[PDB]
Structure formats: C-alpha cells, structure tokens
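Each residue of the sequence shown is one higher than the one before, starting from 4 at the first, in the entry's author numbering.
No residue lacks a Cβ here, since even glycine has one placed at the ideal position from N, Cα and C.
Just below is one structure, and these are the notes that go with it.
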Amino acid sequence: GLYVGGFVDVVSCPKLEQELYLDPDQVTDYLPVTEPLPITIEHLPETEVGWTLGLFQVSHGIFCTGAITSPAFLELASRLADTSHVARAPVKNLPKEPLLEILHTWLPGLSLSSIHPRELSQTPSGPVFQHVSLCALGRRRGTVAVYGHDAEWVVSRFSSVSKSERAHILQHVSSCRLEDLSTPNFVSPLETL
Ligand SMILES: O=C(O)c1ccc(NC(=O)c2cccc(CC3CCCCC3)n2)c(Nc2cccc(OC(F)(F)F)c2)c1
Ligand SMILES: O=C(O)c1ccc(NC(=O)c2cccc(CC3CCCCC3)n2)c(Nc2cccc(OC(F)(F)F)c2)c1
Numbered sequence: 004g005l006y007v008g009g010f011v012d013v014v015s016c017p018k019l020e021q022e023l024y025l026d027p028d029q030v031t032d033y034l035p036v037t038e039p040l041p042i043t044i045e046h047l048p049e050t051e052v053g054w055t056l057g058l059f060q061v062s063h064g065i066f067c068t069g070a071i072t073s074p075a076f077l078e079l080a081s082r083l084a085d086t087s088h089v090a091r092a093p094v095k096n097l098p099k100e101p102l103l104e105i106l107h108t109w110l111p112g113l114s115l116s117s118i119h120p121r122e123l124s125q126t127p128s129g130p131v132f133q134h135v136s137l138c139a140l141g142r143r144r145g146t147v148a149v150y151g152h153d154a155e156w157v158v159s160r161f162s163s164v165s166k167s168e169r170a171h172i173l174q175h176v177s178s179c180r181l182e183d184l185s186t187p188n189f190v191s192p193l194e195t196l
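Printed below as a string of structure tokens:
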C-alpha cells in the first residue's frame, strides 16, 4: 500500500482528438475534491490502481494525494523493481526502496481529467472531474510525482506546499481508512498473453 502525491496537470478529453490542458483557474471553483476518483494509467480503461484522497487548490497549484491499492499492480511493479534490468536501467544504481524509485521515474506525471472548459465556464450538468492518471509522458505544470509508504512523508517533499497547506492535506488522508476503498480494476497485461 503506497501513497502518491504531486501537483497535477489538468487535461480535458485526454489523449483524444480534442485534448487540451487547462489553466488551473478554469477548474478551481470546483475544488476541493474530497470524494475518491479512480487513479488509472495514461487515461486507460481498466488500469485502475488506486483512489484519490483529496484534490486541493494550494498556493502553487492543484495538489493530489492518492493511495495506490491494487494488489495485482503493487505485486507486479514490485517484482519488476527487484528483478527487471529494464525497469531499473533509468534509475540510479542500487536504490533503497526500488519500487518507489521505479514509480517516481517511469510515472512522474499526475494528470487530472476534466470536462471541456466550454462546460466549465457555464454551470456543468454533471461531475467536472473523472479520474487522475499516472502518466509516462505529458507533464507540464505538474511536479514529478512522489511515491512513499506514508502520506505525511510524501506531502513533506514538496517545498511549495506550506505547513498549513500540508496540514490541510493530511487531515483527509487520515479521514479515509484505506481499507474501506473499493478494489480497483487493474489487471496485469502480462497473462493476457
Ligand atoms: O500489452 C502489453 O504487452 C503492454 C506492454 C507495455 C505496457 N507498458 C508500457 O509500455 C509502459 C511505458 C512506460 C511506463 C509504464 C508503467 C510501468 C513502468 C514500469 C514499472 C511499473 C509501471 N508502462 C503495457 N501497459 C501497461 C499499462 C499499465 C501498467 C503497466 O505496467 C505494469 F504492467 F507493469 F503494471 C503497463 C502493456
Ligand atoms: O516476466 C518478467 O520477468 C518481465 C520483467 C520485466 C518486463 N518489462 C519491464 O520491466 C518494463 C518496464 C517498462 C516498460 C516495459 C515495456 C517494454 C519491454 C517489454 C515489452 C514492451 C516494451 N517493460 C517484462 N515484460 C513486460 C511485457 C508486457 C508488459 C510489461 O509491464 C510493463 F511494461 F509495464 F513493465 C512488462 C517481463
């Protein structure tokens, strides 16, 4: 069970013909998001690995904290981190905690999916946000995502998050028992072979 944290990029209609990144202010009226959104990979169906634990406007942007909870994904990633020369190639040699490093390097981007801003300027009918994705490519305003085993340690790593803002981010992790989150739908794309 891991935590992830970072500032996000806001993307409308991701990876499709109409993809467009949004100014955070285009969606800050719809923050904070206190209810769990799925965390997926590269905006792909059926790659749920976790659930968000809060999305907040802070001084420097929109900060996301999440929980990576998928047993299939954690087991696969961790096995890769211990035995795959390919996974480890772009990481510093001999890391302590290779799983954290592997994730930090291969999935540095947090991408928050939203409806098109033509809906957001007016009054939206339904949910403004759909999910947060861990992304290999496309990070812009977002920071490099931090992965760790305890939520306070993760939020602690960003210097552009104040002690009060951090004290406005840890209440909500500790407000949701990880055990009570739904089981995410990630399946290893290995034994599909
Ligand atoms: O169908 C195939 O054969 C198939 C082949 C390759 C795939 N991935 C990449 O090319 C790729 C590229 C960059 C980053 C990542 C995330 C990994 C990075 C290493 C350590 C954990 C997570 N994946 C995927 N797609 C994929 C979907 C989600 C997670 C994923 O990684 C893992 F399976 F390890 F969970 C792979 C599928
Ligand atoms: O069984 C083993 O010991 C085994 C161990 C490690 C493997 N790969 C990685 O560490 C790795 C890491 C990052 C990207 C990729 C994709 C590359 C390489 C695979 C073919 C697509 C191009 N692979 C795989 N190969 C593999 C197949 C399909 C998906 C996959 O997951 C993922 F790409 F996400 F790592 C890994 C197998």
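Top-ranked residue by Cα proximity to residue i, from the options
| i | options | result |
| --- | --- | --- |
| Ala84 | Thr72, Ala70, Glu45, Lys99 | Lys99 |
| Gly141 | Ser185, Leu23, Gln60, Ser177 | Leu23 |
| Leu25 | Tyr33, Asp32, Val13 | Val13 |
| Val147 | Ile118, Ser162, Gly4, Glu155 | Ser162 |
| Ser128 | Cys67, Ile118, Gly69, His175 | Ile118 |
| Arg180 | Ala154, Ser167, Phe189, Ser165 | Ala154 |
| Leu193 | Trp54, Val30, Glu45, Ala75 | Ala75 |
| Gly57 | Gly151, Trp156, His88, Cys67 | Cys67 |
| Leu47 | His175, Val89, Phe189 | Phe189 |
| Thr43 | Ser81, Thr86, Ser73, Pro101 | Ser73 |
| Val89 | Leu40, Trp109, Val157 | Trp109 |
| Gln125 | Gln21, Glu38, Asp32 | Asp32 |
Cross-strand partners of residue i (DSSP beta bridge)
| i | result |
| --- | --- |
| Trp54 | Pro41, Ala70 |
| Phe10 | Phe66 |
| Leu115 | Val13, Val135 |
| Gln60 | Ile65 |
| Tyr24 | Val14 |
Buried or exposed (CB count within 10 angstroms, at least 16 for buried), residue i
| i | result |
| --- | --- |
| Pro93 | exposed |
| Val11 | buried |
| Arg121 | exposed |
| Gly4 | exposed |
| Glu182 | exposed |
| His107 | buried |
| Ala170 | exposed |
| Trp156 | exposed |
Own chain partners of residue i with C-beta closer than 8 Å, once the 5 adjacent residues on each side are dropped
| i | result |
| --- | --- |
| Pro27 | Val13, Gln60, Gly64, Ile65, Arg144 |
| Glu104 | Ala84, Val94, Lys95, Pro98 |
| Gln21 | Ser15, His119 |
Cut-off 7 Å between Cβ atoms - residues of its own chain near residue i, not counting five sequence neighbours on either side
| i | result |
| --- | --- |
| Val30 | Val13, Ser117, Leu123, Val131 |
| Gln174 | none |
| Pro111 | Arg142, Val147, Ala148 |
Cβ neighbours of residue i in the same chain (closer than 6 Å, five flanking residues each side left out)
| i | result |
| --- | --- |
| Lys166 | none |
| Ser114 | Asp12, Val14, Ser136, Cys138 |
| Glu51 | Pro41, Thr43, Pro187, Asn188, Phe189 |
| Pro17 | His46, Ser116 |
| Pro101 | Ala84 |
Check: residue i C-beta below 6 Å from any heavy atom of ligand 3
| i | result |
| --- | --- |
| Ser87 | Ligand 3 is absent from the structure shown, which contains only ligand 1 and ligand 2. |
Would you list the residues whose beta-carbon is nearer than 6 Å to any heavy atom of ligand 1, in the order they occur in the chain?
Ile44, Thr50, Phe76, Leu79, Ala80, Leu83, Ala90, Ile105, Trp109, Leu110, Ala139, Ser191, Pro192
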